[PDB]
Amino acid sequence: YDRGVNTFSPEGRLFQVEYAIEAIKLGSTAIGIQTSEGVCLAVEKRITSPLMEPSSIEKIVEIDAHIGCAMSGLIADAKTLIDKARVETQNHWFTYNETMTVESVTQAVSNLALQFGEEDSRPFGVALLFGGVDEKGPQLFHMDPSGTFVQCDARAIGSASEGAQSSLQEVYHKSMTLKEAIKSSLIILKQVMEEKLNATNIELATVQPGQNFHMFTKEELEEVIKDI
Amino acid sequence: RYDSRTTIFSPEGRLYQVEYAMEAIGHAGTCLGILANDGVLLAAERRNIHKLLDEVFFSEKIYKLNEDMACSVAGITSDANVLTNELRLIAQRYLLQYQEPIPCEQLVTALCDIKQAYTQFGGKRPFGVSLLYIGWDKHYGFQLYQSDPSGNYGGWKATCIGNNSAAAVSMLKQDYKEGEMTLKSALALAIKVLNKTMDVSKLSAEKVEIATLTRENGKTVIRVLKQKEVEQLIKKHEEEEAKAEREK
Amino acid sequence: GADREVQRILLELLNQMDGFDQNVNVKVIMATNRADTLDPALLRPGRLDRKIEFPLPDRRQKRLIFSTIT
Amino acid sequence: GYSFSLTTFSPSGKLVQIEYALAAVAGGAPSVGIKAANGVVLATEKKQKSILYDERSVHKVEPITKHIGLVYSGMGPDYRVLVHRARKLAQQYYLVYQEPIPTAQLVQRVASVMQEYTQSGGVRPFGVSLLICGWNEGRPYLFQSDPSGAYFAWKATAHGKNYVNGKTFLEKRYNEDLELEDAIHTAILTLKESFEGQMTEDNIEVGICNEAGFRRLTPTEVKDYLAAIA
Amino acid sequence: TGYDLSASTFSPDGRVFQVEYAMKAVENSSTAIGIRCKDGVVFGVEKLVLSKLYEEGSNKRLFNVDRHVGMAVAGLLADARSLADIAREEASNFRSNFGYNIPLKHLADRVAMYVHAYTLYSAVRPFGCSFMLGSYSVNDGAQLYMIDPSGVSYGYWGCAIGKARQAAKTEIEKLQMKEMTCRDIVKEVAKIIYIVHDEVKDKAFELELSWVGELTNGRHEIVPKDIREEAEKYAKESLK
Amino acid sequence: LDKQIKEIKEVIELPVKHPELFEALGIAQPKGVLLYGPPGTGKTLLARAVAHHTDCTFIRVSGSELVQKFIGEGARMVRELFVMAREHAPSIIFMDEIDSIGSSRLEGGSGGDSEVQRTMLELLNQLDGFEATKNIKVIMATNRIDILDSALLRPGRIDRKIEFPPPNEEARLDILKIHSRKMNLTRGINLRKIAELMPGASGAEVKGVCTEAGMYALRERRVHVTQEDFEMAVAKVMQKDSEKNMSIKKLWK
Amino acid sequence: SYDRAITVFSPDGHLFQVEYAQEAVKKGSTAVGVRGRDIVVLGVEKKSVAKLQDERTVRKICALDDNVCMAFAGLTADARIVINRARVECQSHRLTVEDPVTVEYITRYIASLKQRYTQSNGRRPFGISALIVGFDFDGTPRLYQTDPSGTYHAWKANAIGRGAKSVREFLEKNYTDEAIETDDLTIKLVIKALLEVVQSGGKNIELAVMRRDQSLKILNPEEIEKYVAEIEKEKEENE
Amino acid sequence: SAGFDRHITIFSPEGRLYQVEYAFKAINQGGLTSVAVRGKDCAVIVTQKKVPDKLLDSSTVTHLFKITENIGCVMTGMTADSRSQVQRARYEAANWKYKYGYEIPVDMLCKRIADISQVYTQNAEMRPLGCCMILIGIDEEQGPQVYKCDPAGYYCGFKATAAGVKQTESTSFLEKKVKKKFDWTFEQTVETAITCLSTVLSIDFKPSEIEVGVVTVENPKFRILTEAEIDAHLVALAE
Amino acid sequence: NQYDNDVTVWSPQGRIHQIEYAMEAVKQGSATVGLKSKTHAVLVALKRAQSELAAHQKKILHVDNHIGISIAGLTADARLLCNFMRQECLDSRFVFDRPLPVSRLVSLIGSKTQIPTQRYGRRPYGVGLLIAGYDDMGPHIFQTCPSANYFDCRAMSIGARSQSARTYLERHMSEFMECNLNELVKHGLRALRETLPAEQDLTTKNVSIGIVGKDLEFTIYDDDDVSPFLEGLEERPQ
Ligand SMILES: Nc1ncnc2c1ncn2[C@@H]1O[C@H](COP(=O)(O)OP(=O)(O)O)[C@@H](O)[C@H]1O
Ligand SMILES: [Mg+2]
């Protein structure tokens, strides 16, 4: 029971995509927090060398002027999923002129994820976190290679996701201002994951219902560094 | 198993099947493109050894792509035949589109590219044929090229593949000549290397097949050497070795 | 592995065939059903001294066999 | 070995399945084809398992064209599918070029189809060795093709069971200036050497290409050559 | 294990040993008998029913092949459903093309062709079901054909499939099945089904009767045993 | 084998017979030699001769003998083989057909070997660790060196390579004379013609041809051999009587 | 479940075949690209003209655009294939799109081609990595690297191949954060890197320069030896 | 031995296709013999109708078929394969009549069936049909012909050689019957066939236990002999 | 096992153990319960929780004004089947303005699930589905399994720990037949309660409801809708 997803184990589990979850594990982490003020995503670059352009690693992306994305796992498959999410938003908006619900974006990307043994390749070894706003609420969602997705208020994916997830669970509540949730995320990432914060290997992206511009955080981390 | 399918790398990244194709070429009949100026030649001795062999074409190793293009054959027989037909087809496409002769490097790259494409896809066996090209074009004129099963191609002024290919290129690098080394000296050196590589004492005329391209009238001619010219060429080389003996 | 092992079996057999020392009077005889097979390396004359055929008994020979047993 | 799959190479560079096909060849029906000064003679045996088998019901020498005769190594059904393909290919050439197909070119196309069957991972080659006699531009041609897709020209050759004896026979029992009658005599003599058991009009069949046309021998002529002669 | 892995490679000994697993699969399912009476064919099928969580007539094993063609199956139920759809397709194709009713022999041979073709391809497997088709053409008579997972189509005056093929056939053999009329045949079928392990070890089950016949106007119908339940009384009287 | 015997004489005999130069030069002595060539080309014969002349003991263990049916046995057998090597002190170690374990290994499937490689790396450690390299050397033979791998060949390991090509005209003459020295020849024998009529001889097949001529003499109860006997013995030892028509020019050219 | 394939994962999730492609790239020769203040320079080594061989035919540096150039290191057959694809893509993009080609778009195209070639059964991945240098970064120089995993990144200066471990550290040793004034200085640094050639001779290094506005520029061996001499004079200063 | 027999499109080291030999091991189909005889004006085929159970309708149990008013067929093999081969023959004959305007000859029909078996033998897509086949037909002023076609993909249609469980005894009996010179009438031909069946099977041969098809130049319409004719022949040979 | 890799190979047992492993894949999912009355058809699903701050996964799906489903299995296959029901309901309404009868839809689902079970190199959809519907013929509750067998059932429960709920449903089978909507939904809630361990009881977090009726369209009830349903129901004593 090793050739592919088309084989069922005696316990029913398909012995192909558990390795896809393990492929989620080998990737660098990503954190997402859902707050009433705004939905935020934090991401570690795992930068090999400073000669690298840090922005060249697209582990934090802008799906649309109302939704951003982070993810863990394989970067190429992640980029393909991001490309589909962007073209889906473009097509749906250009046709219906209504804003794409972030949950609908997750649905479309998941429906693509169901294209390895469901038609006529292999599971997309990457898990995604979406943070967006819409006319009915600001939301954060998570999805995995299996094509399932879930609404989360505070989610961690990738390597060492357990400890970061435990800290995120312990610090989170339903009435946090986005500033306090952001700061808790930064201090947690600092203590558990690698080191003190710096613009070279960490990235942040926030979304607010009334802000379709500057979906990222860039060239302003300075005020954080002295006051973290 | 890694070596069973062409699309699987070794853990070191090497591909076993194309390597097996080259070790196959190791069995191929000795054949070389010799070092020549104002002309070129593609000598290819025939491994066919039996009395009742008719050799009615009088050529089974060197195939003329056009009056300005000739190619050698060293590999699987049927693969070589289909590949030569594909060479003629591709040259026909280029000529029919442009009404101009195809350059040497462009045709060589096209064949090597389709070979690589065939080796790349699964369920398909790599073409176990390496070959040589002798040609003249507008851009570079006289050119001799070597190509392998993987789709790799390169330019060589004098090269040999097949049986004792390493030894052949070794003594070619040994008594290497350059510049004033014209076509006739190329025939002499080809005769020398063929007598050295082959185990036959007093190498027989029918055992060897030689062709050469020369720019006549600017329209060029490719002549495959008949029995008589090979005969006095080999006889002259024998008396040349006798002359080398006379020095002692 | 079975194929490699049978090849080593054949090679060891040939090595022992050429390797049994002089002044040892061992004889080695092999039976076969087809004999159109069998590696010519084993059929090499340096270690094969005679090849004897045993075809199906025809007339006369069948008569002799029947008489002998009966 | 590397024979269960057709589309892979062995470490030594051999594709073992096709020499397995060649081993199926030369285990089949013995047959001998020689080229005389004027014509080309191909002879093959007709000996079945039981006397019930009406052998005239199954010819083995088949005229591809009025100027082409064809014989196989013994793989019957594969020979039949290949001979159907060869006949259709000869017809295509005859209509496209408005001229009869050259013997060498016909063998080239047949071997090209043969090579086409020497690839993929779900097919097998026809383990048949093909002897083709023909007349082209006043010249006689004898060619041999093999399941590997290769083809060659022979003044004289043989394949099938006990083929090495036929090779030695045509080595010493041949000269290129043989007349047609003496060519058929040489063919039946090497058939006698290669075959086991006597022959009559029933047991052999022969096709001869002459520059005017090709024709397969009637069994009566086959007995005339084989019996009361040699 | 030999070469008994796919139904396209001819295993040691002419027996494939692959379809002879489909016969074992058919052996697993409960019995189902059928009797050709004077004017019609009666299909009596027992379906084991766990009364727990049931729907008193769910997933019934009687299906309509054609307005006149009835059928019974034993073996895998999903294969039975799919091949019932296939038989309906074939009957509709004949009806549309030829402009009149399909003979049962031709329908049976085409369904057997479908089964036999599915037995062969490597990428597919033979059906794990054996079935029995009945019809009545008022023009010439009644037709009946039983086809196995291998695709063998043979006629029976009376036949059976399932877990008690030989026992049910022995029970049928002493029926005066030459001449009587389907009405008493319904009771005969019911008591024959009940006599072969009605509920001896298995807790509960349900009996379904299909009927094609001249007195039934020649179309395919489910016997309305709700009237006086005479066959049910006979089957339970078969207690001793 | 004069060229081959001179190279091997240097590489093996010079250290054992004259260690002082290596002590004078400071460099450690070379450890072992690999031999490659067609089968029957006197590789084992030459190794045995070197063992005899350098007065060192001869120990032979074939690579086919190394495999065994159990894990943990090839390692044990190789290590104890070198235990006999050390306890016999001045000696030479022969691994005939080391390519049997110096071969391609199964790269996954329904099974695997994993033990041929293990015996290889054990031998590789033993000769790499230059275990008591005082008057002890190793020698191995491989048919068709191409199948062998470079794992044993890596620089600090076995140092020298030797080629054993098929005997040429003069070599065939020498082998014929050597093996027919015991034979009862007759005037009119012209061994040069027989040597010419045997192109591409394998050396051992020359021993085959003289044995065949003797067998022809024996089956006629003659204790003497003639030119005709060798001439018809060539007809049987030519070894292409089963060849020249397995379709070689075709599908391989 | 070990690798044995391209479309299955090891139990820990790694795809071993892309790693094997990475190793196949590691077998290839050195290739070190940089971008300077305004110009981009490239130098390829280990030409090893085999006497009878003429070096020019292999074309270790190939230009497929109005302005873009570098070969792909690894197996040169895949290099020629992707060369043909890059020619087709650049010409088609220039003919079809309202504006000409940019380096980012062609880099993404190559990465997507490699990914789509990897993402299937029975399709051997392109085991070749490359270093792309382009001119139209809004009239600025920039450098990308392409990895057989179907991945692309944007370097200030990168090295791939046999010296990937070494020269990168060399880069990390002296890639000046001051933008290289007199980009000839960056070319001299590239020559110093090429002194770390597989043969280390430096007499057969093939070099290209493009000033982000110019077309392809090729450096002859004598003028490249001039920069080698300047680098040697700088090195002799330690006295 | 194992390995060259797991798949059809693989040759053995001796060149033997194992699977074609395997397919012959179901042609046995214990119960059928299919003796075919040719006489100076007739062609007869007879098979051993071994009915295993009483409840089956004997009409459906038949194993002889017809697709041509002047061509008769008898099969010996697995029943579903037999009926599929019969349907394929019907398809081919219907195509031939629709195309050429006249019905397919017996020789051409058996050749087409054998070619179908051949193309399924050469390609691993499908299992070859496991059943042997015999036609009887008439060729214009040329006579009666009996033809055999087997899963080997080849045909020899000759004189007899019944492809049933009693292979060698029946074949030798037919040889011995033809090995002695004698006339050949329809009654004599059917007598030869029935004597062969009786001597190779040694059963009492009740009329319902066998089924006979026949063609004759006197009336070229292929017919199945009635049980009355079968019993008349049985009593004629019994006395 | 030699004969257990794919659905195309038969076991000597007269079985295909790949289909059985699909059944195990189904029972790996959490429990879902379905029950119908002469008035309404109701289904309830145990929504598995992922964390104390993540949404409990939806297990009741809704595609028709009169048909709904509850899934137990791989979400991929279940949602593909849900999109399939979307397609069929839509073209049926397009063809003859008829809300598709649930029985024929379930038969089509079984037929389309049978195809993977007979073809090599294609996994069967390893999900079990409970279907609730109301049509011109009556109320209806079905189940569909990867063995492509479809069943009609008054009461039913699939997934992990389903046996206690199945026994409870058997016991109250004598009740459902004339039970009203509230009684039926409360009995379904208690049936789902039967599956849970002692410490786990019915809560709006893990409970999802889906109801179709002769006078009401099929609708799904969740936290804010489930909360009125749970209040007033008997608690769980020890
Ligand atoms: N050049 C030679 N001179 C004398 N005898 C030879 C020569 N070559 C081969 N032989 C004989 O042939 C045999 C080859 O045996 P061996 O050395 O084991 O061959 P290999 O080393 O190839 O296995 C030896 O017994 C030897 O007597
Ligand atoms: Mg030796």
# chains A, B, ... in the order shown; residues from 1 in each chain; ligands from 1
call {"tool": "residues_near_ligand", "arguments": {"ligand": "ligand 1", "cutoff": "9 Å", "atoms": "only C-alpha atoms and all ligand atoms", "output": "number ranges by chain"}}
result
C: 15, 18-19; F: 1, 35-48, 96-97, 141-143, 164, 166-167, 171-172, 174-176, 178-179, 202-208
call {"tool": "write_last_selection", "arguments": {"atoms": "N, CA and C atoms", "output": "short mmCIF file (atom, residue, chain, number, x, y, z; two decimals), in the first residue's frame"}}
result
data_model
loop_
_atom_site.label_atom_id
_atom_site.label_comp_id
_atom_site.auth_asym_id
_atom_site.auth_seq_id
_atom_site.Cartn_x
_atom_site.Cartn_y
_atom_site.Cartn_z
N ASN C 15 34.91 -22.91 -12.86
CA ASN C 15 36.16 -22.74 -12.13
C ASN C 15 36.61 -24.06 -11.50
N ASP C 18 37.94 -26.42 -14.38
CA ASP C 18 39.32 -26.13 -14.74
C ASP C 18 40.26 -26.23 -13.54
N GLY C 19 39.70 -26.29 -12.33
CA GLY C 19 40.52 -26.12 -11.14
C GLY C 19 40.92 -27.40 -10.46
N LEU F 1 52.94 -12.37 -21.75
CA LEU F 1 52.63 -11.42 -20.70
C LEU F 1 53.86 -10.69 -20.18
N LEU F 35 43.47 -6.81 -11.55
CA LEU F 35 43.71 -7.38 -12.87
C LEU F 35 42.39 -7.47 -13.62
N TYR F 36 42.39 -7.05 -14.88
CA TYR F 36 41.18 -7.16 -15.69
C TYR F 36 41.53 -7.62 -17.09
N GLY F 37 40.66 -8.47 -17.66
CA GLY F 37 40.83 -8.98 -18.99
C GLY F 37 39.81 -10.05 -19.30
N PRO F 38 39.78 -10.53 -20.54
CA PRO F 38 38.89 -11.63 -20.89
C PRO F 38 39.23 -12.88 -20.10
N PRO F 39 38.25 -13.74 -19.83
CA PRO F 39 38.53 -14.96 -19.06
C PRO F 39 39.54 -15.86 -19.76
N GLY F 40 40.36 -16.53 -18.97
CA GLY F 40 41.37 -17.43 -19.49
C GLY F 40 42.68 -16.78 -19.86
N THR F 41 42.80 -15.46 -19.70
CA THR F 41 44.05 -14.76 -20.03
C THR F 41 45.07 -14.79 -18.89
N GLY F 42 45.37 -15.98 -18.37
CA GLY F 42 46.45 -16.20 -17.43
C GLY F 42 46.57 -15.26 -16.24
N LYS F 43 45.48 -14.57 -15.88
CA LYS F 43 45.54 -13.67 -14.73
C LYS F 43 45.81 -14.45 -13.45
N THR F 44 45.03 -15.50 -13.20
CA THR F 44 45.30 -16.36 -12.05
C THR F 44 46.66 -17.03 -12.17
N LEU F 45 47.02 -17.46 -13.39
CA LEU F 45 48.33 -18.05 -13.61
C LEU F 45 49.44 -17.08 -13.24
N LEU F 46 49.32 -15.83 -13.68
CA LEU F 46 50.37 -14.85 -13.42
C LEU F 46 50.45 -14.52 -11.94
N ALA F 47 49.29 -14.38 -11.28
CA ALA F 47 49.29 -14.13 -9.85
C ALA F 47 49.94 -15.28 -9.09
N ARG F 48 49.65 -16.52 -9.50
CA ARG F 48 50.25 -17.69 -8.87
C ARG F 48 51.76 -17.70 -9.07
N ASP F 96 39.59 -13.87 -6.99
CA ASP F 96 39.20 -14.11 -8.37
C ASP F 96 37.74 -13.74 -8.56
N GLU F 97 37.47 -13.02 -9.64
CA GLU F 97 36.14 -12.49 -9.95
C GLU F 97 35.61 -11.72 -8.73
N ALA F 141 41.06 -10.25 -9.55
CA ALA F 141 40.86 -10.36 -10.98
C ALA F 141 39.40 -10.05 -11.30
N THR F 142 39.19 -9.35 -12.41
CA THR F 142 37.85 -8.99 -12.85
C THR F 142 37.73 -9.21 -14.35
N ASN F 143 36.65 -9.87 -14.75
CA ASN F 143 36.32 -10.05 -16.15
C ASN F 143 35.57 -8.82 -16.62
N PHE F 164 44.86 -7.42 -19.38
CA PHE F 164 45.23 -8.73 -19.91
C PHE F 164 44.52 -8.93 -21.24
N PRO F 166 43.69 -10.20 -25.13
CA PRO F 166 43.86 -11.51 -25.75
C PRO F 166 45.24 -11.66 -26.34
N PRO F 167 45.85 -12.84 -26.22
CA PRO F 167 47.21 -13.04 -26.73
C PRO F 167 47.31 -12.77 -28.22
N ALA F 171 52.39 -14.14 -28.55
CA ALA F 171 51.89 -14.74 -27.32
C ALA F 171 51.26 -16.10 -27.59
N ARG F 172 50.50 -16.22 -28.68
CA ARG F 172 49.95 -17.52 -29.05
C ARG F 172 51.05 -18.53 -29.33
N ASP F 174 54.04 -18.54 -27.95
CA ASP F 174 54.63 -18.92 -26.67
C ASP F 174 53.73 -19.88 -25.91
N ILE F 175 52.42 -19.62 -25.89
CA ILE F 175 51.51 -20.51 -25.18
C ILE F 175 51.50 -21.89 -25.83
N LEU F 176 51.46 -21.94 -27.16
CA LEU F 176 51.52 -23.22 -27.87
C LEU F 176 52.78 -23.99 -27.51
N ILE F 178 54.76 -23.64 -24.86
CA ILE F 178 54.77 -23.98 -23.45
C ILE F 178 53.91 -25.21 -23.18
N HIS F 179 52.68 -25.22 -23.70
CA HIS F 179 51.80 -26.34 -23.39
C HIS F 179 52.14 -27.59 -24.20
N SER F 202 42.03 -16.77 -26.69
CA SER F 202 41.89 -16.32 -25.31
C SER F 202 42.99 -16.83 -24.39
N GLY F 203 44.04 -17.43 -24.93
CA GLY F 203 45.11 -17.95 -24.10
C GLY F 203 44.79 -19.31 -23.53
N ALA F 204 43.75 -19.38 -22.70
CA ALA F 204 43.30 -20.68 -22.19
C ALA F 204 42.80 -21.57 -23.32
N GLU F 205 42.19 -20.97 -24.35
CA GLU F 205 41.74 -21.77 -25.48
C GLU F 205 42.92 -22.34 -26.27
N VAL F 206 44.11 -21.78 -26.10
CA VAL F 206 45.30 -22.41 -26.68
C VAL F 206 45.63 -23.70 -25.94
N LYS F 207 45.53 -23.67 -24.61
CA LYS F 207 45.61 -24.91 -23.85
C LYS F 207 44.52 -25.87 -24.30
N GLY F 208 43.34 -25.33 -24.62
CA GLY F 208 42.28 -26.16 -25.16
C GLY F 208 42.65 -26.81 -26.48
#
call {"tool": "interface_residues", "arguments": {"of": "chain G", "to": "chain A", "cutoff": "7 Å", "atoms": "only C-alpha atoms", "output": "list in words"}}
result
residues 1, 7, 8, 9, 10, 11, 12, 13, 14, 119, 120, 121, 150, 151, 153, 154, 155, 156 and 157 of chain G
call {"tool": "residues_around", "arguments": {"residues": "residue 213 in chain E", "least_positions_apart": "5", "cutoff": "10 Å", "atoms": "only C-alpha atoms", "output": "number ranges by chain"}}
result
E: 36-42, 68, 134-138, 141-142, 181-182, 218-221
call {"tool": "residues_around", "arguments": {"residues": "residue 123 in chain G", "least_positions_apart": "5", "cutoff": "9 Å", "atoms": "only C-alpha atoms", "output": "VMD selection string"}}
result
(chain B and resid 7 120 to 122) or (chain G and resid 6 117 to 118)
call {"tool": "residues_around", "arguments": {"residues": "residue 15 in chain F", "least_positions_apart": "4", "cutoff": "10 Å", "atoms": "only C-alpha atoms", "output": "number ranges by chain"}}
result
F: 9-11, 19-23, 28-31, 134-137
call {"tool": "residues_around", "arguments": {"residues": "residue 173 in chain B", "least_positions_apart": "4", "cutoff": "10 Å", "atoms": "only C-alpha atoms", "output": "ChimeraX atom specification"}}
result
/B:158-159,167-169,177 /G:50-52
call {"tool": "write_last_selection", "arguments": {"atoms": "N, CA and C atoms", "output": "PDB file, in the first residue's frame"}}
result
ATOM      1  N   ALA B 158      38.724  15.962 -35.467  1.00  0.00           N
ATOM      2  CA  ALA B 158      39.012  14.557 -35.716  1.00  0.00           C
ATOM      3  C   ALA B 158      38.552  13.745 -34.516  1.00  0.00           C
ATOM      4  N   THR B 159      37.648  12.799 -34.755  1.00  0.00           N
ATOM      5  CA  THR B 159      37.095  12.000 -33.668  1.00  0.00           C
ATOM      6  C   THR B 159      36.741  10.625 -34.201  1.00  0.00           C
ATOM      7  N   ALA B 167      41.175   4.149 -28.037  1.00  0.00           N
ATOM      8  CA  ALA B 167      42.486   3.993 -28.661  1.00  0.00           C
ATOM      9  C   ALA B 167      42.598   4.834 -29.928  1.00  0.00           C
ATOM     10  N   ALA B 168      41.533   4.855 -30.735  1.00  0.00           N
ATOM     11  CA  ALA B 168      41.555   5.604 -31.985  1.00  0.00           C
ATOM     12  C   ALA B 168      41.760   7.089 -31.724  1.00  0.00           C
ATOM     13  N   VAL B 169      40.963   7.667 -30.820  1.00  0.00           N
ATOM     14  CA  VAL B 169      41.144   9.080 -30.509  1.00  0.00           C
ATOM     15  C   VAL B 169      42.490   9.308 -29.832  1.00  0.00           C
ATOM     16  N   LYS B 177      47.959  16.417 -36.522  1.00  0.00           N
ATOM     17  CA  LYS B 177      48.457  17.365 -37.508  1.00  0.00           C
ATOM     18  C   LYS B 177      47.459  18.505 -37.637  1.00  0.00           C
TER      19      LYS B 177
ATOM     20  N   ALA G  50      39.635  19.632 -26.094  1.00  0.00           N
ATOM     21  CA  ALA G  50      40.371  18.379 -26.202  1.00  0.00           C
ATOM     22  C   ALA G  50      41.176  18.304 -27.492  1.00  0.00           C
ATOM     23  N   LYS G  51      41.992  19.327 -27.752  1.00  0.00           N
ATOM     24  CA  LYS G  51      42.942  19.332 -28.860  1.00  0.00           C
ATOM     25  C   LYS G  51      42.229  19.179 -30.198  1.00  0.00           C
ATOM     26  N   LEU G  52      41.753  17.966 -30.495  1.00  0.00           N
ATOM     27  CA  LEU G  52      40.934  17.761 -31.683  1.00  0.00           C
ATOM     28  C   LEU G  52      39.586  18.458 -31.573  1.00  0.00           C
TER      29      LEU G  52
END
call {"tool": "select_by_dssp", "arguments": {"residues": "range 3-192 of chain I", "states": "alpha helix (DSSP H)", "output": "number ranges by chain"}}
result
I: 17-27, 75-96, 102-114, 163-176, 181-192
call {"tool": "atom_distance", "arguments": {"atom1": "CA of residue 89 in chain I", "atom2": "CA of residue 144 in chain I"}}
result
17.4 Å
call {"tool": "residues_around", "arguments": {"residues": "residue 29 in chain A", "least_positions_apart": "6", "cutoff": "9 Å", "atoms": "only C-alpha atoms", "output": "list in words"}}
result
residues 42, 43, 44, 45, 71, 72, 73, 156, 157, 158, 159, 160, 161, 164 and 193 of chain A
call {"tool": "write_last_selection", "arguments": {"atoms": "N, CA and C atoms", "output": "short mmCIF file (atom, residue, chain, number, x, y, z; two decimals), in the first residue's frame"}}
result
data_model
loop_
_atom_site.label_atom_id
_atom_site.label_comp_id
_atom_site.auth_asym_id
_atom_site.auth_seq_id
_atom_site.Cartn_x
_atom_site.Cartn_y
_atom_site.Cartn_z
N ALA A 42 1.87 36.06 9.80
CA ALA A 42 3.30 36.17 10.04
C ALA A 42 3.99 34.97 9.43
N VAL A 43 5.20 35.19 8.92
CA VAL A 43 5.86 34.17 8.12
C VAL A 43 7.37 34.28 8.28
N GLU A 44 8.01 33.12 8.43
CA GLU A 44 9.46 33.02 8.55
C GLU A 44 10.06 32.67 7.19
N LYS A 45 11.15 33.35 6.83
CA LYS A 45 11.72 33.17 5.50
C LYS A 45 12.63 31.95 5.43
N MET A 71 1.74 30.41 3.75
CA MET A 71 1.65 28.96 3.61
C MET A 71 2.95 28.28 3.99
N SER A 72 2.87 26.95 4.14
CA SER A 72 4.00 26.11 4.48
C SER A 72 4.01 24.90 3.56
N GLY A 73 5.19 24.35 3.33
CA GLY A 73 5.34 23.18 2.49
C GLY A 73 6.25 23.40 1.30
N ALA A 156 -1.33 27.75 13.27
CA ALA A 156 0.09 27.63 12.98
C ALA A 156 0.31 26.41 12.11
N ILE A 157 1.14 26.56 11.08
CA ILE A 157 1.45 25.47 10.16
C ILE A 157 2.95 25.40 9.94
N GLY A 158 3.41 24.26 9.45
CA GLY A 158 4.81 24.06 9.12
C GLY A 158 5.60 23.36 10.20
N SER A 159 6.91 23.58 10.16
CA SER A 159 7.81 22.99 11.15
C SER A 159 7.52 23.55 12.53
N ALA A 160 7.69 22.70 13.54
CA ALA A 160 7.47 23.04 14.95
C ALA A 160 6.13 23.72 15.18
N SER A 161 5.09 23.33 14.44
CA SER A 161 3.81 24.01 14.55
C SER A 161 3.16 23.76 15.91
N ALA A 164 4.41 26.56 18.68
CA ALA A 164 3.88 27.86 18.29
C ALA A 164 2.36 27.87 18.40
N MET A 193 10.90 30.17 17.75
CA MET A 193 11.28 29.69 16.42
C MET A 193 12.75 29.90 16.08
#
call {"tool": "interface_residues", "arguments": {"of": "chain F", "to": "chain G", "cutoff": "10 Å", "atoms": "only C-alpha atoms", "output": "list in words"}}
result
residues 107, 108 and 109 of chain F
call {"tool": "write_last_selection", "arguments": {"atoms": "C-alpha atoms", "output": "compact mmCIF listing (two decimals), in the first residue's frame"}}
result
# COMPACT_ATOMS: atom_id res chain seq x y z
CA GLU F 107 18.05 -0.36 -6.66
CA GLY F 108 14.71 -1.23 -5.07
CA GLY F 109 11.80 -3.49 -5.97
call {"tool": "select_by_dssp", "arguments": {"residues": "range 12-138 of chain G", "states": "strand (DSSP E or B)", "output": "number ranges by chain"}}
result
G: 31-35, 40-44, 53, 63, 68-69, 72-73, 123, 129-134, 136
